[PDB]
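Written out below as structure tokens is the structure these notes cover.
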Amino acid sequence: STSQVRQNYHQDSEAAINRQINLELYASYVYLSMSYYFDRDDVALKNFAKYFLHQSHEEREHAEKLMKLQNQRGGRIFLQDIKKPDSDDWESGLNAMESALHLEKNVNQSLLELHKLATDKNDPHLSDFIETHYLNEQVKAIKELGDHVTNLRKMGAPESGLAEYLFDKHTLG
Amino acid sequence: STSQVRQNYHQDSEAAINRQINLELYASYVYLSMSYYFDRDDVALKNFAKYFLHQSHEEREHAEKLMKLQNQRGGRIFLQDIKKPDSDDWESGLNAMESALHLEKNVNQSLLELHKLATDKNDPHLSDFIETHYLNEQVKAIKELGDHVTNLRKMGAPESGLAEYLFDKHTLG
Amino acid sequence: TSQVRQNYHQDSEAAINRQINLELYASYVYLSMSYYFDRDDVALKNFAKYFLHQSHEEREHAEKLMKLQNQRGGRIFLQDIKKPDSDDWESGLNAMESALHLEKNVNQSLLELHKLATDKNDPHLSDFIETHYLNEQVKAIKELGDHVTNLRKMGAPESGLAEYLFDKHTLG
Amino acid sequence: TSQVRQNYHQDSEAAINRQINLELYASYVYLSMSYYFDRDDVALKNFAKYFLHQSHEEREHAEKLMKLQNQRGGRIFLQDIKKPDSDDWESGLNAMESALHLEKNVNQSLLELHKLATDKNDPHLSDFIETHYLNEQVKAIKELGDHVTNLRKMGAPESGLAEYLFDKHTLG
Amino acid sequence: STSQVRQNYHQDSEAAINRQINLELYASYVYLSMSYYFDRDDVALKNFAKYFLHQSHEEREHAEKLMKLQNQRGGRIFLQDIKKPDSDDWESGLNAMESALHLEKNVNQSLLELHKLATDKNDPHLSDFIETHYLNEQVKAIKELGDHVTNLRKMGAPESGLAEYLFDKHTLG
Amino acid sequence: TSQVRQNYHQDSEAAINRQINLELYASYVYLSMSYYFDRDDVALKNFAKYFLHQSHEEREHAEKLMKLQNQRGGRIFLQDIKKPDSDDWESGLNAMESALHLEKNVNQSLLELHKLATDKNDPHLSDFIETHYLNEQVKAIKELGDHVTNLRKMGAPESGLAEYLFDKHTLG
Ligand SMILES: [Cl-]
Ligand SMILES: [Cl-]
Ligand SMILES: [Cl-]
Ligand SMILES: [Cl-]
Ligand SMILES: [Cl-]
Ligand SMILES: [Cl-]
Ligand SMILES: [Cl-]
Ligand SMILES: [Cl-]
Ligand SMILES: [Cl-]
Ligand SMILES: [Cl-]
Ligand SMILES: [Cl-]
Ligand SMILES: [Cl-]
Ligand SMILES: [Cl-]
Ligand SMILES: [Cl-]
Ligand SMILES: [Cl-]
Ligand SMILES: [Cl-]
Ligand SMILES: [Cl-]
Ligand SMILES: [Cl-]
Ligand SMILES: [Cl-]
Ligand SMILES: [Cl-]
Ligand SMILES: [Cl-]
Ligand SMILES: [Cl-]
Ligand SMILES: [Mg+2]
Ligand SMILES: [Mg+2]
Ligand SMILES: [Mg+2]
Ligand SMILES: [Mg+2]
Ligand SMILES: [Mg+2]
Ligand SMILES: [Mg+2]
Ligand SMILES: [Mg+2]
Ligand SMILES: [Mg+2]
Ligand SMILES: [Mg+2]
Ligand SMILES: [Mg+2]
Ligand SMILES: [Mg+2]
Ligand SMILES: [Mg+2]
Ligand SMILES: [Mg+2]
Ligand SMILES: [Mg+2]
Ligand SMILES: [Mg+2]
């Protein structure tokens with residue numbers, strides 16, 4: 001039966017918010033995996049590790065804010081398994097940055113589909129919520145990752161171990 | 001290809017540490033679920049929600065320290081899916097505390113088996129690591145949860161919603 | 001069974017109750033020694049201060065074991081605290097020698113407790129003993145040995161000047 | 001005879017040794033009560049704090065009498081500290097009632113000691129008891145009576161809510 | 001005649017502690033040698049020199065703490081000659097780092113054998129002492145040297161004098 | 001040839017390597033002396049502190065000579081550091097006398113090194129030795145002589161009181 005607070009909140013939107021919660025936790029897990037890959041003694045790029053650990057905690061905050069939104073609107077949180085990332089070995093600083101760029105575009109596409117649904121269901125509170133707290137965050141994150149990929153490629157990564165070392169010091173440090 | 005840092009680190013220990021990483025992340029997920037259950041408008045116990053959120057972040061720190069240990073010893077992190085918690089609806093403040101008690105004793109049993117393995121493989125760095133950073137933390141967490149369950153029961157929970165309200169204010173507040 | 005109890009053998013629980021009693025007994029011995037040096041015919045105030053501090057430390061040792069018993073779900077059963085074996089501690093040197101003997105006795109009990117914890121595969125308890133008790137005992141025994149050595153080298157107990165000057169310069 | 005002893009009857013000296021033992025016994029009762037409320041199946045942390053503080057106070061009462069014994073030239077003879085009469089204090093209310101009974105017993109002992117000091121014309125000792133012990137006992141008994149009254153009015157011991165809220169609001 | 005403080009301290013443990021004192025002093029001497037090699041005018045890597053001098057002083061602290069332990073337990077210190085290091089010319093920053101890694105694993109192996117002995121003689125004060133003050137310090141030192149070796153190799157050392165110069169500035173500086 | 005080397009004889013370079021070893025040996029002697037006074041059957045903490053400070057000073061002496069070797073373009077060749085000639089230093093007085101003998105031996109080696117620098121017309125090296133080593137040795141020898149004198153006048157080594165009081169008042 002209906003939550004006493006629920007108003008103008010479609011059940012499709014409620015379901016889509018539960019899917020987005022899972023996706024944000026999955027992104028947190030990907031970045032956690034990347035972080036400790038750069039902590040391996042045979043990789044040993046500590047500012048890559050720090051950068052991705054920070055990204056990982058950001059994604060957990062993204063998930064928690066969606067959980068708060070679900071309850072604010074009177075929907076009900078249903079959590080699902082968080083799938084392990086698709087790689088165990090992220091190969092290089094460049095490959096991890098390219099993988100993170102791909103991940104952030106995938107998350108952005110999911111947020112755009114969620115906004116389209118909120119628009120279709122005439123839910124301006126939800127569409128404003130997505131715009132305010134997620135859409136520009138995604139644009140900034142994608143732009144930053146693109147910048148990082150560009151610099152690593154221009155410096156000669158991944159073949160140049162010196163390039164990744166110096167990028168670790170000067171851009172992520 | 002052995003890690004250049006690896007010394008006196010059995011492959012069974014390495015595997016057991018990967019299992020413990022997953023279990024700590026699972027415990028983080030359980031407490032996250034419990035937290036936002038108390039944030040529901042039809043539950044609305046904000047200090048229960050705060051308490052379990054703090055516990056959830058603690059478990060993530062537990063997991064990250066084990067990931068650090070794996071790399072310190074030259075083992076290799078292999079992550080697995082984080083299973084969703086066994087309940088979506090935690091029923092009451094008392095039931096969530098009893099469920100957390102059961103979870104912490106299960107994690108403690110896993111840590112004790114890990115310590116037995118480290119002892120069997122004559123790995124005093126690993127057994128010291130478990131003792132120092134995990135075993136007394138578990139004893140303290142179990143004792144605190146037991147205290148909380150006792151007080152909730154004595155106050156009349158879960159039937160008395162007044163009892164859970166006052167416990168939220170006076171013990172968790 | 002206590003809802004918190006896990007991997008805690010009943011023999012360990014009993015041994016912890018015995019150790020609580022022994023720590024309280026050590027607190028009582030040091031209290032007795034303290035006020036012996038407060039007698040007008042002994043009158044070594046820094047010996048008195050030193051043993052009173054030791055007495056309060058032992059009470060802290062006991063209270064931490066009582067906390068541990070409840071942390072693990074065991075149940076505290078207290079027993080009489082026996083009076084110390086002397087009323088008159090004779091001299092500064094004899095009190096220090098007696099305290100050395102006491103601390104080695106307590107250390108032996110802690111080592112037996114650690115052996116029990118190891119035998120029962122209780123690493124939380126063995127870590128607790130190592131962390132909070134074993135090096136504290138080694139430091140206490142080393143300090144008392146040092147004190148006994150200095151008092152003997154200075155000419156105690158026969159030299160009342162030796163005990164006076166040790167009271168001022170080492171315990172002061 | 002002690003070079004400081006003056007107007008100090010042998011009966012007073014003995015009575016002071018008995019009172020030292022009783023104050024240590026009261027410290028032990030309150031220590032036992034404190035850790036009872038620290039059990040995971042009792043779990044009233046401000047009851048535990050309150051009785052631990054009371055326990056340390058009683059140890060101070062004992063030490064002050066030991067100092068008095070030496071001040072007057074008497075000689076301290078310690079005896080076993082008996083264990084408390086209960087292991088399980090049942091409830092916050094029952095512990096408070098037990099502490100009230102204990103404090104009135106200690107007060108009766110101090111009144112008998114004052115009567116002895118009066119009978120032996122020892123005004124230093126009677127003033128010592130009046131100054132440092134008698135009003136302390138009256139205040140402690142009054143406070144415990146207040147606590148017992150509130151717990152009973154609130155519905156203890158049957159109401160676990162009553163003991164929980166008293167732990168927070170009065171002892172907290 | 002027995003020391004008045006001696007209790008539960010086997011003569012084999014006492015001897016093993018004297019051997020470990022010598023090994024810690026030997027490690028201090030190796031790092032001292034390495035330090036001033038990088039101070040040569042034809043090597044001239046001042047932060048390599050600083051790093052190894054700091055390591056050298058740490059090892060002297062390790063030795064002094066074991067001397068204190070020997071007296072704490074009532075054993076008797078017997079010092080032996082401190083052997084000169086196995087090289088006079090440490091060749092390169094990378095070779096010094098690889099040599100320090102080998103040294104620290106050797107010292108770790110000695111400490112693990114010492115812990116085994118303490119365990120065999122049921123000396124939990126000594127096993128706790130080793131675990132507390134030595135074993136994790138060795139794991140951290142080995143992990144750090146492994147990280148350093150990895151970066152130097154990735155950067156192109158020892159052939160690249162630029163690699164060692166930039167590592168001196170950015171990692172050790 | 002080193003690009004920095006100028007007016008630096010190979011005999012001087014070798015003599016500097018010998019002096020590095022001797023300073024490290026002096027550091028080892030004082031380290032041994034330090035922990036001798038840390039034994040529970042010796043137990044003179046300020047003797048232990050004093051010799052540990054001296055030990056660290058000698059390590060600084062050695063490191064400054066290693067820096068000098070590189071400054072002048074010579075090459076450091078290290079040798080084994082021989083263990084000290086005693087394991088048991090017997091007493092505070094004997095340790096002080098042994099340290100006096102050591103410092104005069106080190107001074108003689110420095111004077112021979114200065115003579116070599118003078119013979120090879122190396123004023124940078126002779127100024128280095130004068131500036132950083134020769135007056136340091138004169139001060140160290142004077143201080144050790146003073147200490148030996150006081151210990152002897154006080155009655156050491158036979159008076160354990162003498163060494164105890166010197167530990168407190170001069171080294172404390
Ligand atoms: Cl709706
Ligand atoms: Cl709908
Ligand atoms: Cl992979
Ligand atoms: Cl650069
Ligand atoms: Cl190995
Ligand atoms: Cl291995
Ligand atoms: Cl459910
Ligand atoms: Cl059990
Ligand atoms: Cl059992
Ligand atoms: Cl007696
Ligand atoms: Cl006497
Ligand atoms: Cl002697
Ligand atoms: Cl009289
Ligand atoms: Cl009972
Ligand atoms: Cl209230
Ligand atoms: Cl032994
Ligand atoms: Cl032996
Ligand atoms: Cl060589
Ligand atoms: Cl040699
Ligand atoms: Cl010798
Ligand atoms: Cl010897
Ligand atoms: Cl004096
Ligand atoms: Mg981000
Ligand atoms: Mg996100
Ligand atoms: Mg926790
Ligand atoms: Mg955990
Ligand atoms: Mg073993
Ligand atoms: Mg003590
Ligand atoms: Mg104790
Ligand atoms: Mg430990
Ligand atoms: Mg009171
Ligand atoms: Mg009293
Ligand atoms: Mg008056
Ligand atoms: Mg180091
Ligand atoms: Mg070392
Ligand atoms: Mg000097
Ligand atoms: Mg010198």
Side-chain angles (χ1 to χ4, degrees), chain A residues 1-7 9 17-18 21-22 24-26 28-44 46 49-50 52-53 56-57 59-61 63-90, chain B residues 1-7 9 17-18 21-22 24-26 28-46 49 52-53 56-57 59-61 63-90:
Chain A
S1 66
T2 310
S3 163
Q4 70 192 324
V5 307
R6 196 193 190 107
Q7 186 169 29
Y9 193 51
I17 288 295
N18 282 332
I21 289 163
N22 188 263
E24 300 290 343
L25 295 170
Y26 172 79
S28 187
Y29 207 13
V30 173
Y31 279 126
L32 175 63
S33 179
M34 291 181 178
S35 176
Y36 281 89
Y37 169 82
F38 290 98
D39 182 66
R40 289 168 53 156
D41 73 271
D42 59 356
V43 179
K46 64 189 202 194
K50 160 174 58 88
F52 289 127
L53 190 63
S56 171
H57 296 157
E59 294 299 339
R60 174 159 188 163
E61 295 174 339
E64 288 180 4
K65 180 180 290 174
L66 285 155
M67 290 172 79
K68 182 187 174 64
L69 179 284
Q70 186 73 288
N71 284 335
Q72 282 175 312
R73 292 303 295 276
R76 291 288 169 252
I77 296 163
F78 284 95
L79 303 167
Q80 302 299 339
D81 297 352
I82 308 165
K83 303 300 216 166
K84 66 179 196 175
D86 280 337
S87 297
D88 304 305
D89 177 337
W90 295 99
Chain B
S1 51
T2 310
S3 169
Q4 72 191 325
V5 306
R6 199 194 189 108
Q7 188 172 26
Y9 195 50
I17 289 294
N18 282 333
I21 289 162
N22 188 262
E24 300 290 342
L25 295 169
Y26 173 79
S28 187
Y29 206 13
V30 172
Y31 278 126
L32 175 61
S33 176
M34 292 179 177
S35 179
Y36 281 90
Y37 170 82
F38 290 97
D39 182 66
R40 287 166 54 153
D41 75 90
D42 60 354
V43 178
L45 291 168
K46 87 197 327 295
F52 288 129
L53 192 58
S56 173
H57 296 158
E59 294 300 336
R60 168 141 191 185
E61 296 175 335
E64 288 177 1
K65 185 183 284 175
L66 284 156
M67 292 173 76
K68 183 184 174 72
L69 179 284
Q70 188 73 289
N71 282 336
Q72 282 177 311
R73 292 303 296 277
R76 291 289 169 252
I77 298 163
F78 285 92
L79 301 167
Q80 304 296 340
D81 295 355
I82 308 170
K83 301 299 216 155
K84 65 177 197 185
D86 276 347
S87 297
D88 305 306
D89 175 340
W90 295 98

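In what follows, chains are A, B, ... by sequence order, proteins preceding strands, each numbered from 1.
Looking at A:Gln72, neither its backbone nor its side chain comes within 4.5 Å of chain B, counting heavy atoms on both sides.
Put simply, of A:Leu79, A:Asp39, A:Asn22, the one with the most heavy-atom pairs under 4.5 Å next to chain B is A:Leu79. Here B:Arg76 is the residue among B:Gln70, B:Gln4, B:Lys83, B:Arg76 with the most heavy-atom pairs under 4.5 Å with chain A. Interface check for chain A: of the options B:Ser35, B:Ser56, B:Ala49, the most heavy-atom pairs under 4.5 Å are formed by B:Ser56.
Taken from CG in A:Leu32 to CE in B:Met67, the straight-line distance is 4.0 Å, to the nearest 0.5 Å. Considering OG of A:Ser1 and CG of B:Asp42, their distance stands at 9.0 Å, rounded to 0.5 Å.
Side-chain atoms of A:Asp81 never come within 3.5 Å of backbone atoms of B:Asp81 as a donor-acceptor pair (strictly under, hydrogens ignored). With hydrogens and angles disregarded, a donor-acceptor distance shorter than 3.5 Å links the side chain of B:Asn71 to the backbone of A:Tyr36.
Heavy atoms only, all atoms of each residue included: A:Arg60 and B:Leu53 are closest at NH2-CD1, 4.3 Å.
For the pair A:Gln80/B:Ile82, no side-chain contact is recorded, criterion being any heavy-atom separation below 4.5 Å from C-beta on. In this structure, A:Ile77 and B:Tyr37 have side chains that are not in contact, with every pair of non-hydrogen atoms separated by 4.5 Å or more. Using a 4.5 Å heavy-atom threshold, the side chains of A:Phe78 and B:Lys84 count as separate.
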* What do the steps show when you test A:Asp41 against B:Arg73 for salt bridge (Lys or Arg N to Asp or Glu O under 4.0 Å), and what is the final call? -> CA-CA 9 Å; A:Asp41 73 271; B:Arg73 292 303 296 277; over 6 Å; no
